[PDB]
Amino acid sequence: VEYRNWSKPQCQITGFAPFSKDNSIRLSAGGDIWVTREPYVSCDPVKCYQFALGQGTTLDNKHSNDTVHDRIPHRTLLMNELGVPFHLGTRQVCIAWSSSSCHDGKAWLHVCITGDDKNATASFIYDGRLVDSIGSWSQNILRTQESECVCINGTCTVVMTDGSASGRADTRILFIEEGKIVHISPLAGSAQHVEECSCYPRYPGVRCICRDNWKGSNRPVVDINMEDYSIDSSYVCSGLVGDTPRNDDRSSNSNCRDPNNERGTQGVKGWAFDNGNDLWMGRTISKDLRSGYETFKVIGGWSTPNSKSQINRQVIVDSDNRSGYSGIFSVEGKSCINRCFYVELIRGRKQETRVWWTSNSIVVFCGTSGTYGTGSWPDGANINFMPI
């Protein structure tokens, strides 16, 4: 086997094609399916896997009541082949209420985080063995990506932060070889607050579009130099803006340098990737709630301050349906490396009240250079048929 070095042009894409949907909540009304959240899909050199943070219970289980809480000792990283849902024969790969997994070519690395908020611990499991660990540097919820990490020539890099949610925080980018933390680099550049990076290889670097939870609606950008371990950060140029809350397109801005300060506080995990000076990105259709999901290209979206010229829009989940987190993943193709994304469709509390649980299903699309039509692929569960 050899290590992945991702040195292939990004594929030219026209938009996104349907790829998978696991239908976990519809199935949960007639099956023993895990309660999850924060899903992501990462993919080894032969096949893809879907991951999620389980709540240590199944939906038709009395223990599903009050699973809105993001951190309990019973959360484990579930790992399955993309498309097979989280049934009882699913493997719990590690204890984690925050994770990132990636494969370096030769084996999988999982960074799982559990523990006390104020004194959490992160374990670096590589190829089955626990090879390293690190404790909470700012005593306030050590967290990471919640989507795939990326590895070039042996080194994987994950970005993690500990600190305030909506306040300044301490973000560091760890570089790790075979499970072992070989370097830690603090965040440098313009970004004010990094939460949940959606990173992707951009040989010879890695680039991430993260979430700004303090002062923005525009999304942070974190650039990692795998050779010097140098970090750089910015905001995505596009005036169209990916976070939720967001202003609305008439009143929204980004100057590529600072948090725009328009409905800053909070976010939702999202992604975007550059294509020359253009930007492919996705966001909720709502600017207040995480409902609906749409994708489009923004001409000049990457390189020009405030560019709002959209084209190739696609609705992935209509505005009357719920979405959640979203992240990117890259698959090596024969000729180029493509970009794909998943979108979490959360259901349950607090928004839907009939039931007392909170869980999600996923839908995933991949870039295509061919043609496509139209559609909307929501979760599909009728809330009145669910248990609880």
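A residue's number is simply how far along the shown sequence it sits, counting from 1.
Undergrad: Quick check: 5-13 versus 364-372, which has the larger average CA B-factor in the record?
TA: Between 364-372 and 5-13, it is 5-13.
Undergrad: Given the B-factors recorded for C-alpha atoms, which segment has the greater mean, 180-188 or 242-250?
TA: So the stretch with the higher mean C-alpha B-factor is 242-250.
Undergrad: Please work out which residue in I141, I209, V150, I285 has the highest C-alpha B-factor recorded for this crystal structure.
TA: Of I141, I209, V150, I285, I285 has the highest C-alpha B-factor.
Undergrad: Using the entry's values, work out which of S323, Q50, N65, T36 has the largest Cα B factor.
TA: The record points to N65.
Undergrad: Please place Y235 in the lowest, middle or highest third of its chain by C-alpha B factor as given in the entry.
TA: For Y235, whose C-alpha B-factor we compare with every modelled residue in the chain, the answer is the middle third.
Undergrad: Lowest, middle or highest third: which one holds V343 when the chain's residues are ordered by CA B-factor from the entry?
TA: As the PDB entry reports it, the C-alpha B-factor of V343 lands in the lowest third of its chain.
Undergrad: Please place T157 in the lowest, middle or highest third of its chain by C-alpha B factor as given in the entry.
TA: Its C-alpha B-factor belongs to the middle third of this chain's values.
Undergrad: For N306, does the deposited CA B-factor place it in the lowest, middle or highest third of the chain?
TA: Middle third, going by the recorded CA B-factors of the chain.
Undergrad: What third of its chain, lowest, middle or highest, does the C-alpha temperature factor of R71 fall into?
TA: Highest third of the chain for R71's C-alpha B-factor.
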